[PDB]
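Chemist: In the first instance, please consider these chains from the complex; the rest will follow:
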Amino acid sequence: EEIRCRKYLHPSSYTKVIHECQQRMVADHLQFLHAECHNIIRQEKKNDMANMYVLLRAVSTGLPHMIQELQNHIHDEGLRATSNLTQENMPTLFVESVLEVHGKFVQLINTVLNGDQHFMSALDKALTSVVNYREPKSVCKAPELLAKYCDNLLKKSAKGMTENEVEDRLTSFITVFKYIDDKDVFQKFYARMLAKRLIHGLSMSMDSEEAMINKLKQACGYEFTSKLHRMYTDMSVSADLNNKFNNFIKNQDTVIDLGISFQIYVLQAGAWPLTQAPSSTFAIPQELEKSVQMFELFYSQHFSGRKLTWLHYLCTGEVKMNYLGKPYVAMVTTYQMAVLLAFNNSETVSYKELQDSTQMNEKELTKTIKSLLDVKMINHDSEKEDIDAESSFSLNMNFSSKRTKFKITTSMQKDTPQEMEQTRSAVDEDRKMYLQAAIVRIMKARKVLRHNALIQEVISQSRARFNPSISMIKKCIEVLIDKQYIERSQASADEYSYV
């Protein structure tokens, strides 16, 4: 008919004849095509899908059911392809499955559907619902998996991976992550993992970390990655600061003589997700007092207005032992070197001696005692190997290991589920704060609101960081009934008012 109209009629009526033919050939038979649409999508016949897409572009209202069928099929395919996975490669396999589904339904949406943008939005919405598949009465398992995938990729692993391979796989990760709708939890998980990798030196290359921070920056703006960028920059300028400190101690009039190789890794405490969890006081050992005092002097005379907090929660130092014929050197946590300098006074010690020498609390002391006891670097002389009120134990002369640099530090990664739920609780607390703020700013703007209108407005405004489910908004509203400005109206139960 296109040939016929172009060979007889005037050119100005090409559109009207073709549209009218489609207004009777396809639009009148819309019900039959829409009935077979779901079956055609489910079998995924590419030629029939293309022909159906053309014939429903012809009809004014035939397209949206095709869109809905494609979205439902893609959501079903993704949810079947990602739910059942092994528990040892779940972080890699989840992103791999979501990326595979996305690649298949970008190819099959760009080669037989002309890359129609409504269908791409349907794909985006379907995989958005796929990735955040919350188990009923359970928290979402997406952002933990994505953060663990990035920590697995970026850390210096013994599997061996090409740097450019890491680059393109992280680009694919960004394509997966662009729809996760829980970016706050992912942000803080990745902040903690980035902190651990940066501090412990487990990053494979700082350039890869910079690339990852940049990719998240184009993914979610600059305020999403401001803290991460500050972390990376304050880890990168650590070398310059340490060289400046060495130039300072060179320029001192008297001989400084620290005696210890010193690199300090100062971190911006206003942006690093580290915490001063060991609030119990710790005592710096004797020979390290000169180093701490000299670094404070450097940081106060060459630089101004900032107070250090020697957190000691994750410090390391290489103690050399020279009683068994100088056998080995052990890199330990600073509490472990504290108890080792306690051992330096005499072979046998006591519990109260350990508190009057190191001032630490009982939990960290128990942890270090267990760490040294499992290594058997220091044997325990009492009957029971647990925490003891006296804790009378001497040096272990039976230590006959083989590695010249064996450590009593195995907390390189850890990340216990207690820590994961603690970070989840902290993110939920910040979500409560932000959600209360959004609720009350909307209310103060309106001063009278229906309940559902307030829910919709809050979900719309707080969309910039996540999509809070109605449970959180109801919890925040019930909190704001007690605290501060909101009250149930007397006219109805869904007429919240500003007080």
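Modeler: It's in. Residues are numbered from 1 along each chain as shown, chains lettered A, B, ... in the order given.
Chemist: Tell me if I am right that residue A:479 is in a strand.
Modeler: No: assessed with DSSP: H, G, I helix; E, B strand; the rest coil, residue A:479 is helix; it does not lie in a strand.
Chemist: how about the nearest residue to it once chain neighbours are set aside, secondary structure?
Modeler: With sequence-adjacent residues excluded and distances taken as Cβ to Cβ, 6 or more residues apart in numbering, residue A:479 is closest to residue A:436, at 6.7 Å. (C-beta placed from N, C-alpha, C; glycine too.) With three-state DSSP as the basis, residue A:436 sits in helix.
Chemist: Tell me who's in contact with residue A:436.
Modeler: Contact analysis of residue A:436 by Cβ atoms under 8 Å, 6 or more residues apart in numbering lists A:476, A:479-480.
Chemist: Now name the helix or strand holding residue A:217.
Modeler: Assigned by DSSP states H and E, residue A:217 falls within helix A:206-220.
Chemist: Quick check, residue A:128 in contact with residue A:181.
Modeler: Yes: between residue A:128 and residue A:181 there is a contact under Cβ atoms under 8 Å: 6.4 Å.
Chemist: Format the CA atom coordinates belonging to stretch A:157-171 as PDB.
Modeler: Output in PDB follows, covering the C-alpha atoms of stretch A:157-171 (Å, rounded to 0.1, in the frame of the first residue of the first chain):
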ATOM      1  CA  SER A 157      44.100 -10.600  45.200                       C
ATOM      2  CA  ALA A 158      46.200 -13.600  44.300                       C
ATOM      3  CA  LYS A 159      43.900 -14.700  41.500                       C
ATOM      4  CA  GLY A 160      45.500 -12.200  39.200                       C
ATOM      5  CA  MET A 161      43.500  -9.800  37.000                       C
ATOM      6  CA  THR A 162      44.500  -7.300  34.200                       C
ATOM      7  CA  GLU A 163      44.100  -3.700  35.200                       C
ATOM      8  CA  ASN A 164      42.100  -2.900  32.000                       C
ATOM      9  CA  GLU A 165      40.000  -5.900  32.700                       C
ATOM     10  CA  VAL A 166      39.200  -4.400  36.100                       C
ATOM     11  CA  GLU A 167      38.400  -1.100  34.400                       C
ATOM     12  CA  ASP A 168      35.900  -2.600  32.000                       C
ATOM     13  CA  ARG A 169      34.400  -4.900  34.600                       C
ATOM     14  CA  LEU A 170      33.900  -1.900  36.900                       C
ATOM     15  CA  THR A 171      32.200   0.000  34.000                       C
END
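Chemist: Include this sequence as chain B:
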Amino acid sequence: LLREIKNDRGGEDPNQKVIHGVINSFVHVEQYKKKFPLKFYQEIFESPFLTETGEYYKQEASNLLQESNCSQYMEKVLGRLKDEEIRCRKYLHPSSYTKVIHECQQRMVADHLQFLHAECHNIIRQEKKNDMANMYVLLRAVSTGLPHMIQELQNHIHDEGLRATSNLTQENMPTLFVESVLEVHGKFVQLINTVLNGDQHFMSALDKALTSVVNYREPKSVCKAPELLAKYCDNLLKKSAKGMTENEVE
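Modeler: Chain B added:
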């Protein structure tokens, strides 16, 4: 009758119908008098009630004050105000709802305004996000009140903003200055909207506390702030080696 009220304030509960029946029996007796139908109620169960509940809450506040700190005090007091509102509608006439609560406030938060305002500075400095909310409510319905917290928080944001400007590094002072103010403004517009709420007395207490920060010059000097915002505004527009796109600039 007042002993039944005091028994209710002690923790137990008398007959809800009988107590309200006889208090509402001081109205409904003078119902037919045209001028001042509540005149009998205003002189037999208003002055003997407000004086008694004023006396009862004059010493109950002193019991709680001397038995707990300021943090627990505002939990009990705001608990009592919520509780006394229920015990006012359960028994009394609806025309005396405001007077009992106002009498409860004026002897539980207005008699101890000297104590509360001495703890106003310590709560904001530690940035407690809970007691600072409870202090706002107890200092909301009382006129002598909140303008001390207005000046206290204005003396705290400016104190936090000052530490975001002084001792700031010259290496990247354009970006680091504007971010630090935005970090201070960003945190303290959410905290003033959640622990406190949107209150033009308090929102202006941020601006007055921040205009003394984005204009803070050391004595006898040119104000460094306008060029610090000018240099920063140039770096975003000027072609930088970082190569940030238009999306991260706009």
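Chemist: Go back to the contacts of residue A:436, now with chain B?
Modeler: Counting by Cβ atoms under 8 Å, 6 or more residues apart in numbering or on different chains, residue A:436 touches A:476, A:479-480, B:193-194.
Chemist: what's the neighbour count on the closest residue to chain B within the stretch 301-450 of chain A?
Modeler: Chain B sits closest to residue A:305 of the stretch 301-450 of chain A, with a gap of 2.5 Å, by Cβ to the nearest Cβ. Residue A:305 has 9 neighbouring residues, counting by other Cβ atoms under 10 Å in any protein chain shown.
Chemist: how near is it to residue B:162?
Modeler: Residue A:305 sits 10 Å away from residue B:162, taking Cβ to Cβ, to the nearest Å as the criterion.
Chemist: which element is residue A:3 on?
Modeler: helix A:2-8.
Chemist: Show me what that helix is packed against.
Modeler: helix A:14-25 (3 or more Cβ pairs under 8 Å, 6 or more residues apart in numbering or on different chains; DSSP states H and E).
Chemist: starting at the chain centroid, how far to the helix it packs on?
Modeler: Remark: helix A:14-25 is offset 54 Å from the chain centroid, using Cα atoms, centre = their mean, to the nearest Å.
Chemist: so after it, what's the next helix or strand?
Modeler: Next along the chain after helix A:14-25, taking DSSP H and E as the criterion, comes helix A:30-43.
Chemist: Show residues contacting that next one.
Modeler: Helix A:30-43 has contacts (Cβ under 8 Å, 6+ apart) with A:26, A:48-49, A:52, A:55-56, A:59, A:61-62, A:65-66, A:69-70, A:73.
Chemist: closest to residue A:152 among those?
Modeler: Closest approach to residue A:152 among those (Cβ to Cβ): residue A:73, at 31.0 Å.
Chemist: Wasn't the closest one part of a helix?
Modeler: Yes: the assignment for residue A:73 (three-state DSSP) places it in a helix.
Chemist: Next, find the distance separating it from chain B.
Modeler: Per Cβ to the nearest Cβ, to the nearest Å, residue A:73 is found 33 Å from chain B.
Chemist: Also residue A:246?
Modeler: Applying Cβ to the nearest Cβ, the value for residue A:246 to chain B is 19 Å.
Chemist: Could you confirm that residue falls within a helix?
Modeler: Yes: judged by three-state DSSP, residue A:246 forms part of a helix.
Chemist: now for chain C, put it on the one above:
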Amino acid sequence: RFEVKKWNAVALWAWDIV
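Modeler: One more chain to add, chain C, which I have set with the ones above:
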């Protein structure tokens, strides 16, 4: 006898109280 070397200490800085 115990002696230490290579202290890879970590510290946090924050704006001073004043």
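Chemist: Repeat for the contacts of residue A:436, accounting for chain C.
Modeler: By Cβ under 8 Å, 6+ apart, the contact list for residue A:436 reads A:476, A:479-480, B:193-194.
Chemist: Now for these: which two are most distant?
Modeler: By the measure Cβ to Cβ, A:479 and B:193 form the most distant pair in the contacts of residue A:436, at 13.7 Å.
Chemist: more neighbours, the two?
Modeler: The neighbour count for residue A:479 versus residue B:193, taken as other Cβ under 10 Å, is higher for residue B:193 (24 against 16).
Chemist: what about the host helix or strand of that one, near chain C?
Modeler: Residue B:193 belongs to helix B:173-194 when elements are defined using DSSP H and E. No: Helix B:173-194 lies apart from chain C when judged by Cβ under 8 Å from any Cβ of the partner chain; the minimum separation is 9.1 Å.
Chemist: contact partners of that helix?
Modeler: For helix B:173-194, contacts defined as Cβ under 8 Å, 6+ apart pick out A:226, A:270, A:433-434, A:436-437, A:440-441, A:484, B:127, B:129, B:153, B:157, B:160-161, B:164-165, B:168-169, B:198-199, B:202-203, B:206, B:210, B:213-214, B:225, B:228-229, B:231-232, B:235.
Chemist: just the buried members of those residues?
Modeler: Buried subset of the contacts of helix B:173-194 (neighbour count, 16 or more other Cβ atoms under 10 Å in any protein chain shown): A:226, A:433-434, A:436-437, A:440-441, A:484, B:153, B:157, B:160-161, B:164-165, B:168, B:198-199, B:202, B:206, B:210, B:213-214, B:225, B:228, B:232.
Chemist: Give me the subset of those residues lying in helices.
Modeler: Within these, residues falling in helices by DSSP state H are A:226, A:433-434, A:436-437, A:440-441, B:153, B:157, B:160-161, B:202, B:206, B:210, B:225, B:228, B:232.
Chemist: Show me which residues of chain C sit near chain B.
Modeler: Where chain C comes near chain B, counting by Cβ under 8 Å from any Cβ, the residues are C:15-16, C:18.
Chemist: Chain C against chain A: which residues are in contact?
Modeler: Within chain C, the residues that sit near chain A (Cβ under 8 Å from any Cβ) are C:1-17.
Chemist: For chain B, just list every one of the helices.
Modeler: Under the criterion DSSP H, chain B contains helices at B:2-10, B:16-23, B:39-44, B:47-67, B:70-89, B:97-106, B:113-126, B:131-138, B:147-162, B:173-194, B:200-210, B:225-237.
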